[PDB]
Amino acid sequence: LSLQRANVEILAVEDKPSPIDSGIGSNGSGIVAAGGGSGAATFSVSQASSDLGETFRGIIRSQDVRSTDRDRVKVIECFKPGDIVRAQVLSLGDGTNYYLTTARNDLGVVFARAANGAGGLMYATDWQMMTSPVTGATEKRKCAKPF
Amino acid sequence: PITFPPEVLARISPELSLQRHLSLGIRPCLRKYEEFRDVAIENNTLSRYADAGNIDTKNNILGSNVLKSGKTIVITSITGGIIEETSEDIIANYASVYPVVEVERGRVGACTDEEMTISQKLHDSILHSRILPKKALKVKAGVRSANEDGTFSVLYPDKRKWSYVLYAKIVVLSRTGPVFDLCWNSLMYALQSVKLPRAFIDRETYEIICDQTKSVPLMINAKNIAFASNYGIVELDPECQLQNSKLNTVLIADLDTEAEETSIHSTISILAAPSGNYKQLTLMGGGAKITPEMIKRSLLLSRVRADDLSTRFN
Amino acid sequence: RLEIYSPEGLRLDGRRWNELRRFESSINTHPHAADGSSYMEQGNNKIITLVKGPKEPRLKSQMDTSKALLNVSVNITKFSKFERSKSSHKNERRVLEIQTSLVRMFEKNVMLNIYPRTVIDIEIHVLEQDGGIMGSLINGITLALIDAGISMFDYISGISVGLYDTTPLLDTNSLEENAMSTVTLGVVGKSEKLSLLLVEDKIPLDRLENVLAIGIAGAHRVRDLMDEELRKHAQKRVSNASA
Amino acid sequence: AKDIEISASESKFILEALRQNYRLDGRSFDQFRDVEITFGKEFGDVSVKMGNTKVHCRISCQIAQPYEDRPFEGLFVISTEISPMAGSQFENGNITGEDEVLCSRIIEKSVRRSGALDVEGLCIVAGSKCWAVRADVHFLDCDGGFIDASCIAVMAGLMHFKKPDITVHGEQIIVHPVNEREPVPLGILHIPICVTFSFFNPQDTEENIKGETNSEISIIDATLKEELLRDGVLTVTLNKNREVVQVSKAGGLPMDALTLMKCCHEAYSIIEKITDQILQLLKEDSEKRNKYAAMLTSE
Amino acid sequence: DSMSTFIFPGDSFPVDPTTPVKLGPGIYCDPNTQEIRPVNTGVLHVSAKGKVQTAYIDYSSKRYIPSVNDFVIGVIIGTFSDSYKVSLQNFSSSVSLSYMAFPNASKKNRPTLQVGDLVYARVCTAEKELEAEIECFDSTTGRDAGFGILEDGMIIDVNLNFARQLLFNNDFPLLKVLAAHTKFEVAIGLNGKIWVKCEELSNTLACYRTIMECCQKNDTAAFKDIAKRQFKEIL
Amino acid sequence: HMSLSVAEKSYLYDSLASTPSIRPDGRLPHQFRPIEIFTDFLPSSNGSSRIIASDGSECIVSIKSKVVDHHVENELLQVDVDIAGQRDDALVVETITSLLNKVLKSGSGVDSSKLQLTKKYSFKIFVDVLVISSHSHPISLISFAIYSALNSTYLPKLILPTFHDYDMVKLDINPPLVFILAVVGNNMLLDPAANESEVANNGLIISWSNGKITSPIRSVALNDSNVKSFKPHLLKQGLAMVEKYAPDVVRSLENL
Amino acid sequence: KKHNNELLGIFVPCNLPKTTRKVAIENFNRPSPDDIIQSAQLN
Amino acid sequence: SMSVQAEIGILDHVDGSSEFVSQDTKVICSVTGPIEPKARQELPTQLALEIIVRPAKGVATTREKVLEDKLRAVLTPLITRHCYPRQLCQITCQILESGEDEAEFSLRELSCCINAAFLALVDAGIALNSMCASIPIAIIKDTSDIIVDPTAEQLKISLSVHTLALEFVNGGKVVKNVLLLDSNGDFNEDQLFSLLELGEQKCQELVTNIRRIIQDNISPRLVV
Amino acid sequence: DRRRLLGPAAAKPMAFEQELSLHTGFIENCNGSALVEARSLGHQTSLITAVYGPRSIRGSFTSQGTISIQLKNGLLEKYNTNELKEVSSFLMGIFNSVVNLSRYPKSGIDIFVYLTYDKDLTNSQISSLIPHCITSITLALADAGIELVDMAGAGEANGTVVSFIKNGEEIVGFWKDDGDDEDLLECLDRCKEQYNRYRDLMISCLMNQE
Ligand code: NA
Ligand code: NA
Ligand code: NA
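Protein chains in written order, with PDB author numbering: chain I, 146 to 292; chain C, 14 to 100, 121 to 191, 206 to 249, 269 to 311, 325 to 393; chain B, 3 to 245; chain A, 2 to 300; chain G, -1 to 49, 52 to 235; chain E, 0 to 158, 169 to 265; chain K, 180 to 222; chain D, 0 to 223; chain F, 5 to 20, 43 to 149, 163 to 249.
See the structure below:
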């Protein structure tokens, strides 16, 4: 997350997980990122497209978060690290990132946890707010409309 | 009503998927708590001694096994070599095999942490379970004496020392979860099928060479052959429970389906012998509290699983 | 054992103690393969040096906002010696040490700071080898870099000097490099200052300075040779380009 | 990236300090750091401390087969693999790195190829057996001078090390635990010691290439702060036989030849002290071991 | 309360349950259990009261973590379109310093700071989701607040406890024993950085040496002696 | 060259597919580009060659030899290829290496008997290729360089084997040539330029020895952008084209 | 098997009462801020 | 009976460092963090761990990889990772002396690695969920006795070997969880639980001792 | 090797017309998969393919798909690495002709072919093995949902492998490596018959299975 943009990783495209293998258990017994183990240091760029759990990366710019009031959007009140966000692809972008948007009612945060992924799951209460069932506390997101 | 396929739900919220399934008394792998995956075995199909009548000359595989559990396939092949030696139940008198585990996932390149640790742990567990005595790897060298004058015949006993060295190549297709157990069991059956080729000989030294057809049984301690089990301990979160129109924990057997592998951090793994003794035990309390009860149920299930895996064939 | 140095003062190849091997150089030998290039013969040493750059960095890493990146690639072909080597040398620690040595040599000579956000790739092929190959590499690099029009403060002349008993022998060949300790020198221009000083085998301290004395001198001669080529190649290609 | 960010004020400060004949840790320009050599436990285990720089070496051996090319020689390898323990600027096992390759090559040329160890004394039987002596350096803390510390550690370790006595009956050998027969040391031919000079250019590059009155500053055994700001580096390995074991000026700031010679001689002055120190500490270790045995035989 | 008590991670928190307590460093509120639990080894520190007491754990640390209102000393390591890339500590995540974040600063009038310059700034933003932000001005009025470039000095690496003690504790004698020997300018950065500049290079060097030696020694009373021996200008 | 725009590719393709084909430099479909060759410049080697093409592609070949027991070494000819800017691990390098090894296999690539010294010993031929520069598939380039190097290769003369100290015998053998063709539409092109190879529908590697179209024969994608299928009559065209325009390449290479 | 379909949707807390669920559904049936500003700008 | 030697803050260029010594097993550990991770290590919501184990003799192998794996299994739930999102903690262990026959055993080294890593993590100032302590335990061939902190000699004649790393809370009186139990050899359930009871007691002893060691050299660093 | 257990270094290794079964979608951790087993008189083979993709690529933006093909020795180390990479390159050409790469910009498709079993009792076998590789790769690509302009088929005769598309009207692959000298036309005819049979079997497999 940054004042200008939100970096995301594509986990699924049209009810289809990408990649098919996320690389769980590849790096050992702890909690390790896709390329946080020994395998990432010894990957053959010459013979393969990408590493085990490598995902298509995407960007949701602050302008492309909302349809209106695009000039003064606070991305910190829209997304949090670990959030699962339903987005639409604007452009192919470059080799590193697709450019995505959440500027629609069905687009935005579909999953979130309190305390930035540390707490329990929150549910969407209002267009710009979720809340935690056990704490009662409310957190500000850009919620995609369920149903 | 927005909906995610079980696959992409396992990708998006593994914890939620696991909890939700457990609220119905099932698992994201569509088995209940203590239900193992069935296993199927094709033993000694890749070995050169596969057919006694027509022994494959080109083949160098001493032992073979093809295991299938759920949708995961494991192919284990035992090859061999000879080392020139130099100069009780204690660990000093025992040996091990040197396995290379190749878990088929998308990447190509050097070994992952998974492959390396599985290989090493296979080696170490073979060593400590004391399945393979060093004595059994000793070669009794016959000698090739010349027929009269004009060709050659070999004589074996019914002068340096030598030892057999066993190598294992283990490939894993369609991995869906932790695969160490499958690798271990497959390697066990494979080791049971190994036949050691007979060997003979002619600052200067002559090479030792293996006989083409003759072979003696790799005598392993069947008493000490164990089988592998793994278990997860899950703590039930009250909010993620389905309606199915105060804290609980459940024990889970034979982990799979990513949701379980990603969510569960409290794990138990056992190498258990049919006799009743245990060859290996690993407890990792990364998540839920591991209570004695869980340990005992785990040992019980490991032993019935062991009896099962040892009896189901022959 | 054999007369490395006869009482008459001659060597096996017929040179005296203070004489260079045959040294010839050619510039702009690969105009379609590199920005700068040099083919060089020192004794039986035959070397192709290619300078590619300054150019856009391959990665958008390895890019320095303040200076150019300098890379050196030394290819010692399997047919450089009498006996073909069944093994490649590309990842040997010796070759890496040579490469880093040449890089750190020309980092202080080439004005990298006037070529920021660029990469200068040096590609070297040792076609034939006969001892004293390090100095040869140095000379080839100097020639090729100058041919590329890449700014530098001065020449760097590479030479080797062996030490047979009391007497030092200038520009040693392969036979002399064996059964004798050698010092390699990378001398800056006409100065007494050393870019490179390499001693890989044991040498009596009290006799080291002397070995340097002739070495420097030899290097100076080498400079005079390289220079002598460049000017000619300049004089030729600045007159014909006219009208 | 893992870069060490050095500010302009710090560079200018240290350089100006060098101009006024000052070093941060209070040493003179020609002053090597106090070497602390500590043995412990088994033979071949040594810890070397230069100021804040801390290295550790472990000597070991196992029976192996001689290489096909060399029938009478034993096997000897040295490992100097850096880790993030010495500092986060180091990546885990980048053996192909500049300073890594350089360090490894310097140590190898200083110890392994200089014949400091008797390799033919490692041979058990020409055809089938030989000793495989290994020297593994562990870099614990980096405040510069890793090459020198490594050389001292490796040498002290090799001299401290003892392989178990053995004897040979044709095909077979007989190896002994300490109780059976006493262990015997390795064959050390000479004691190579490295000294690293750091070169700083106080003026501009133009003055270095085409200027008289050479103002190039040289110091000995630079600290990390000094090592990060230097323009040149020379490593000279010498022994008490006044032999230049090796010399490495792999580029960097061009230096006058006479200055480099002076460096070599001063380096000799230092390696005398260091060598005598090593020998002394060794003998004291052996004596204390013997006196401990004497304390053990009678309560 | 007023009595500070040594504490380990996992120990039972010993403050009054009915009394409201604002939680500082060292004390963690578990997101799932909602339990108040100590997570750092050190000294537990409870302020008197007011309106609520502060409970925090002073612990030995060398690694700085950006928190608002902290005075930090950074080094410029990069230049961007509308901001500087700054390093508060080697190997740490960099911090942003806006071009607008200066006194008398507009899009036409830009600050003159280069890569490698020392900057003395205030951590204005330290969100847990975003890159930290520093400033060289009073955010309210927009004028100089004693922040800006640090020229021609010497920087000193120091542990966090020492720096905090140096900035906040006035009974700390190091500054006093330094003032006893020479005149000097000092900038204290809670990120574990101390900037020192004297008129004479010798004196600045002396300050450097004595400050570092004082940092390595736990005993406070020794300082004077050290300073003496250090300003005696031994080699 | 490489990385042409779609417009450029369309223009070039339209010119190269028209009847008759219009090549960017006006070459005939069977015409080669000017090259020049030098030999015998590496004294340490038994043979040596250097080939320079007009587009800048430059290759160097070294021929070395060593005595071996046939029984322990059934392969008396080994080709090792080193392309600059390409790792030895690279796919194209190992592909070219394999291919060349097969063209020159002692089995039937060349006459093995010409290498035999004694019923137990012979000369193994080490062919070392160093591609300094290449802008297209260098297989023909390399093949030609190897041809020249082998046709100017000298070996020590036999008299355990002992050899004459000063006199050496010229290695007599008919080295094979490998040709590369570009399939563009219904047209076959010999010696394809880089730009030509960028738009070619496919490619044909055709070996050639003693005046006969020999193996290996490959279909090879000269790019990844416009790889299309082709009709068999095109393959026949390529073969006929080679065997028609090969003896002149042979007489051009063998005239010294 | 698996006819519930409540498991493959967005997290809805088991605890939650029906009234508050109706509150949420109500809130989401009302126009989004985007809708309000958009319609305002259009009018 | 069981006495250990331990030191804290011995390395200059890391955030935390420790030296742990039990019998002849000697392990030095260092910790740097939280620092910036490389992109491939980065985790959105929590601290990432880079764990390295170096052997006393030779060069790092698959053995040390397994050691790193188990060490990771222990340290992961120990560390309050969600306090440092998108950050890295560098943990390196250098085995100085194995104190056991390396070819057959590595439990001593593992236990000392866990202890030293914990101590270094404490010294660094990194948020920990709780305290921790690890011991090696062996069961002998003939005596069938349970030896806590077994010597190399005792290991040579061992029938089974065990690593027990426990997680402690509330002054080291309560066992929160068992972080690691690594059992290898031949044993049964009764033996296992006896081993677990004795092991827990001895580990509690070790927790107490470690608490004292920590306070002894951390207390002088801090102000009243 | 520091990443593998290779054991002691002193040790040395021990020295001493056809029916088809086609299946798809049995490997769960990849996008596509195919099992091909072939049985002729005194000759039996069996191999597996796995298509991982479309995946992301490291490097600059690419306008189209990038296909990689990796041949893995099964059981016996039967073939040379160079020849394996050569065949890989050949197949890459073929499926560069077949796959609709335009659909997959900035994307990589990695294909793995495990040569599990290749025991022929008859007493350069690469040639006879290539058509089954092509069959399996086409099947796995169709199984992975990777778009194909056609069903790439192939046949082998007299060391001549020929790969066809479009009902055998045009050629996407041609491999000729020694294997004697015979005229081209009958090799073409035999390989085309093999191709047509393989094509029918592959579409059949794609209609009973997918
Ligand atoms: Na010069
Ligand atoms: Na001269
Ligand atoms: Na692509």
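Virtual Cβ for every residue (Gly too), placed ideally from N, Cα, C.
{"query": "Below 7 angstroms on C-beta distance, what does G:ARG63 contact in chain A?", "result": "Correct list: empty, because the minimum Cβ distance to chain A is about 11 angstroms."}
{"query": "Which partner residues of A:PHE140 appear in the DSSP bridge assignment?", "result": "A:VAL56"}
{"query": "Determine, using beta carbons only, whether E:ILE50 and E:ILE34 come nearer to each other than 7 angstroms.", "result": "yes"}
{"query": "Would you kindly report the start and end of the unbroken alpha helix (DSSP H) that includes C:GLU181?", "result": "Run containing C:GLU181: none; DSSP gives neither H nor E here."}
{"query": "Does the Cβ of B:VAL189 lie closer than 6 angstroms to at least one heavy atom of ligand 1?", "result": "yes"}
{"query": "Could you tell me whether the Cβ atoms of I:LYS225 and I:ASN261 are closer together than 7 angstroms?", "result": "yes"}
{"query": "Could you check whether the region 103 to 110 of chain D touches the region 12 to 28 of chain D, counting it as contact only if at least three pairs of C-beta atoms, one from each stretch, sit closer than 8 angstroms?", "result": "yes"}
{"query": "Give me the residue from A:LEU103, A:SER216, A:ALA65 and A:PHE73 with the minimum Cα distance to C:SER100.", "result": "A:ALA65"}
{"query": "Tell me, please, whether the CB atom of C:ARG384 is closer than 7 angstroms to any CB atom in chain K?", "result": "no"}
{"query": "From C:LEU388 to F:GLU54, what distance separates their C-alpha atoms?", "result": "24 angstroms"}
{"query": "For E:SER17, which option in E:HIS70, E:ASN195, E:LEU199 and E:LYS253 has the closest C-alpha, if you only look at C-alpha atoms?", "result": "E:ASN195"}
{"query": "Indicate whether the contact test is met: 3 or more Cβ pairs, each with one atom in the region 369 to 383 of chain C and one in the region 343 to 360 of chain C, closer than 8 angstroms.", "result": "yes"}
{"query": "Could you tell me which residues DSSP pairs with F:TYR78 in its beta bridges?", "result": "F:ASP136"}
{"query": "Can you tell me the Cβ-Cβ gap for F:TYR237 and F:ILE165, rounded? I've got them flagged as a contact below 8 angstroms.", "result": "About 18 angstroms; that fails the 8 angstroms criterion."}
{"query": "Taking the C-alpha atoms as reference points, what is the distance between A:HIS177 and A:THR168?", "result": "9 angstroms"}
{"query": "Report back the beta-carbon spacing between A:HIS191 and A:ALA117 to the nearest angstrom; my notes put them in contact at under 8 angstroms.", "result": "6 angstroms"}
{"query": "Would you mind stating whether A:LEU159 and A:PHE198 have Cβ atoms separated by less than 7 angstroms?", "result": "no"}
{"query": "For I:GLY264, return the contacting residues in chain G, with the cut-off set at a CB-CB distance below 7 angstroms.", "result": "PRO29 and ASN30"}
{"query": "Counting along the chain, where does the beta strand (DSSP E) carrying C:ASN296 start and finish?", "result": "293 to 302"}
{"query": "Name, please, each residue of chain A whose Cβ falls closer than 7 angstroms to the Cβ of B:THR102.", "result": "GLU99, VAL102, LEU103 and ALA251"}
{"query": "Out of D:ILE94, D:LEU179 and D:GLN153, which has the shortest C-alpha to C-alpha gap to D:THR75?", "result": "D:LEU179"}
{"query": "For C:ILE286, which of C:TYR62, C:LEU160 and C:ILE374 has the nearest alpha-carbon?", "result": "C:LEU160"}
{"query": "Within 10 angstroms of the Cβ of D:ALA116, are there 16 or more other Cβ atoms? Answer buried if so, exposed if not.", "result": "buried"}
{"query": "Does the beta-carbon distance from C:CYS230 to C:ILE164 come in below 7 angstroms?", "result": "no"}
{"query": "Determine contact between the region 117 to 131 of chain D and the region 144 to 157 of chain D, defined as no fewer than three beta-carbon pairs at a distance below 8 angstroms.", "result": "no"}
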